[PDB]
Amino acid sequence: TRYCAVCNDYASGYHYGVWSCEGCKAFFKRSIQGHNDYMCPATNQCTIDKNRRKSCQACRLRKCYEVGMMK
Amino acid sequence: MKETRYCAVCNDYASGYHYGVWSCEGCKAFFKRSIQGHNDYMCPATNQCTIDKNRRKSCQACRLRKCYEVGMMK
DNA sequence: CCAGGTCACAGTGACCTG
DNA sequence: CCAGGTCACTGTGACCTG
Ligand SMILES: [Zn+2]
Ligand SMILES: [Zn+2]
Ligand SMILES: [Zn+2]
Ligand SMILES: [Zn+2]
């Protein structure tokens, strides 16, 4: 029992370099294909979790990189 | 004197006066859906998000909050 | 006018393919 | 096993209807 390094949902495998859910995986995936900068609605410290992850993409991506994800 | 109207909620161009405040089509539809039943809205931060035109799709909780704050009434 | 409907559209994530 | 694809679902907001 492994948990997403990004949001802590249950991981599905080791994706882009860390343990991660299908959600963070695909998100990260989408991200590297090109995207306008994201915007945090608050102060750049959101709580990324299983639910809240859909809300702050900016924080999600940041956390994506922080925990390691890379192509 | 006033050249334009702005959305009391998000500050984007207002389109009419909906739910009792000048509002954009976005905030109007948002509020509409929200009053149409139970809502599980969450804040990803501390319940003090900035709702503007770019951050509006981001926190539905705070958006609703301001909807009510500024006067919207069903 | 406005309220409430509608629907093309974009992000999402579970699941498939290779 | 995984990366990268797919696509059913869902929330949005621009528009329409009554
Ligand atoms: Zn995750
Ligand atoms: Zn954030
Ligand atoms: Zn608005
Ligand atoms: Zn919020």
Side-chain angles (χ1 to χ4, degrees), chain A residues 1-42 44 46-69, chain B residues 2-35 37 39 41-45 47 49-72:
Chain A
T1 325
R2 297 281 215 287
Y3 290 125
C4 188
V6 181
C7 69
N8 270 72
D9 188 12
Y10 300 107
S12 86
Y14 191 80
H15 314 280
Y16 306 87
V18 335
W19 294 77
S20 108
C21 62
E22 294 285 308
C24 307
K25 158 205 177 201
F27 172 77
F28 185 73
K29 166 189 90 202
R30 275 195 302 269
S31 297
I32 77 244
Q33 309 140 47
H35 77 278
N36 296 321
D37 291 4
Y38 295 143
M39 294 265 16
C40 186
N44 289 303
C46 312
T47 299
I48 310 304
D49 71 24
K50 165 174 215 345
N51 317 291
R52 293 168 179 72
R53 79 205 164 187
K54 319 215 209 336
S55 297
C56 188
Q57 314 192 276
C59 285
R60 217 195 176 150
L61 186 57
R62 179 207 69 194
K63 200 159 179 209
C64 278
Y65 293 109
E66 284 191 344
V67 288
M69 304 205 186
Chain B
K2 248 245 151 256
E3 359 211 276
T4 322
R5 302 278 181 184
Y6 295 111
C7 175
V9 193
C10 70
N11 260 74
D12 183 14
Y13 294 116
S15 68
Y17 185 79
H18 312 289
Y19 293 109
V21 305
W22 275 92
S23 112
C24 63
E25 282 307 299
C27 312
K28 161 200 170 209
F30 185 80
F31 189 70
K32 171 186 100 195
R33 298 184 296 265
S34 320
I35 68 207
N39 312 295
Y41 291 149
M42 290 157 206
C43 182
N47 285 280
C49 313
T50 287
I51 295 315
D52 61 25
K53 154 189 179 199
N54 295 301
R55 309 215 238 297
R56 65 178 197 234
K57 350 177 163 353
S58 311
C59 182
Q60 306 186 308
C62 288
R63 207 203 176 156
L64 186 67
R65 180 161 68 41
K66 208 178 176 181
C67 278
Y68 286 131
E69 279 180 9
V70 308
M72 307 187 149

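Convention: sequence-line order gives letters A, B, ...; per-chain numbering from 1. Computed over heavy atoms, backbone and side chain alike; hydrogens, waters and symmetry mates excluded.
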Check the distance between [N]'s [atom2] and [X]'s [atom1] and give it to me in whole angstrom.
{"X": "B/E25", "N": "C/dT6", "atom1": "CD", "atom2": "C1'", "answer": "13 Å"}
{"X": "B/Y41", "N": "D/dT10", "atom1": "OH", "atom2": "P", "answer": "15 Å"}
{"X": "B/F30", "N": "C/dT6", "atom1": "CZ", "atom2": "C1'", "answer": "19 Å"}
{"X": "A/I48", "N": "C/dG13", "atom1": "CD1", "atom2": "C1'", "answer": "16 Å"}
{"X": "A/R53", "N": "C/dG11", "atom1": "CZ", "atom2": "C1'", "answer": "13 Å"}
{"X": "B/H18", "N": "C/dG5", "atom1": "NE2", "atom2": "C1'", "answer": "14 Å"}
{"X": "B/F31", "N": "D/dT12", "atom1": "CZ", "atom2": "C1'", "answer": "17 Å"}
{"X": "A/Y10", "N": "C/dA14", "atom1": "OH", "atom2": "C1'", "answer": "16 Å"}

When you compare the side chain of [Y] with that of [X], does any pair of heavy atoms fall below 4.5 Å?
{"X": "A/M69", "Y": "A/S20", "answer": "yes"}
{"X": "B/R63", "Y": "B/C27", "answer": "yes"}
{"X": "A/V6", "Y": "A/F28", "answer": "no"}
{"X": "B/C24", "Y": "B/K53", "answer": "no"}

Spell out yes or no: do the side chain of [X] and the base of [N] have one donor N/O and one acceptor N/O closer than 3.5 Å?
{"X": "B/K53", "N": "D/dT12", "answer": "no"}
{"X": "B/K57", "N": "D/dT10", "answer": "no"}
{"X": "B/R33", "N": "C/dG4", "answer": "no"}
{"X": "A/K29", "N": "D/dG5", "answer": "yes"}

Does any nucleotide pair with D/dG11 by Watson-Crick or G-U wobble geometry, both distances under 3.5 Å, and what is it?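 Answer to the pairing question: C/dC9, which forms a Watson-Crick or G-U pair with D/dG11.
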Base-pairing mate for C/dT17 - Watson-Crick or G-U, with both contacts under 3.5 Å: D/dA3
Please tell me which of B/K28 and A/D9 maps to the more 5' nucleotide of DNA chain C, matching each residue to the nucleotide holding its nearest heavy atom.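 Taking each residue's closest nucleotide, the earlier one in sequence belongs to B/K28.
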Check the phosphate of [N] against [X], side-chain N and O only, distance under 4.0 Å to OP1 or OP2. Yes or no?
{"X": "A/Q33", "N": "D/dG4", "answer": "no"}
{"X": "B/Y17", "N": "C/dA3", "answer": "no"}
{"X": "A/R60", "N": "C/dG13", "answer": "yes"}

Between B/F30 and B/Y41, what is the ring plane arrangement, given parallel below 30°, perpendicular above 60°, and tilted in between? parallel
From the list C/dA14, D/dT12, D/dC2, which nucleotide is the closest neighbour of the side chain of A/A26?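 Nearest nucleotide to the side chain: C/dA14.
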